[PDB]
Structure formats: structure tokens, C-alpha cells
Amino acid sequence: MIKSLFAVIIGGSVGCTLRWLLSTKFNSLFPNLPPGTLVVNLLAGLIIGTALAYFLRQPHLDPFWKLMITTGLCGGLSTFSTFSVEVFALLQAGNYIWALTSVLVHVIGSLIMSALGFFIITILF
């Protein structure tokens, strides 16, 4: 699996680079719940939600293109580690209300975007 390796790297590099640009540009605007790190998780949820519904209806796509979107792009674009340190930093700052809110908005929000992705492509069919 070397063709598979390139799907992960090409997809992942595009995702990580989008996260890097979005996070450095926007995170500082609202430091209680950094919007760049949120947007990349909500966007990745939206992409993989649509991918969930789409790959079901098109079962004979190449595993290359499937692996490039999910493990590559969505894997690289989203982040749990950045989400953790933001929360951890708020916890050490004594900012529990926003630490809790961050956890809810990221988790609840990402599932909502996955649902919106899934149910838009499902309904458009």
C-alpha cells in the first residue's frame, strides 16, 4: 500500500494546511472559543457527513478517493489535540464556563454538521 499512502499524505497535507491558515488567521478574534479551530472541526464534520451519505450510494468508487477525503482531508483538517489544549488552558485559567461550552459546541456542533451533511445528500436523492 503505497498508492494508499499518497492518498493519506496528499489529502492530509491539504487538510493540515487549511487548518494552519484558518487557525492562525481567526483563533485570536475570540479566544474563549477559538473560531478557526471550531470552523475546521465543523467543516470536517460537514464534509465527512456528506461523504457518509455519498459513498453509500456510490459503492464502486476507488478506495483511493475515499481514503483521500476521510483519512486525508477530514483527518488532517479536523483536530482533537488543539481542541484539548484550548480547553486545558481555560481549565488552568479558571475559566470553567467557557471550557464546558467549548466541549459542548465542538462535540454537539460537529455531530449537527455531520447530520446536515448526511441528511442533505440523503434528501437530494
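For every residue, the number given is its place in the sequence shown, counted from 1.
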Could you settle it for me: does 100 to 108 or 5 to 13 have the higher average Cα B factor in the PDB entry?
5 to 13
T71: CA B-factor among chain residues, third -> middle
Pull the Cα B-factor of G45 out of the PDB entry and bin it into the chain's lowest, middle or highest third.
lowest
For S23, does the deposited CA B-factor place it in the lowest, middle or highest third of the chain?
middle
Divide the modelled residues of the chain into thirds by Cα B-factor and specify which third, lowest, middle or highest, holds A51.
middle
Among the modelled residues of its chain, the C-alpha B-factor of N32 falls in the third labelled middle
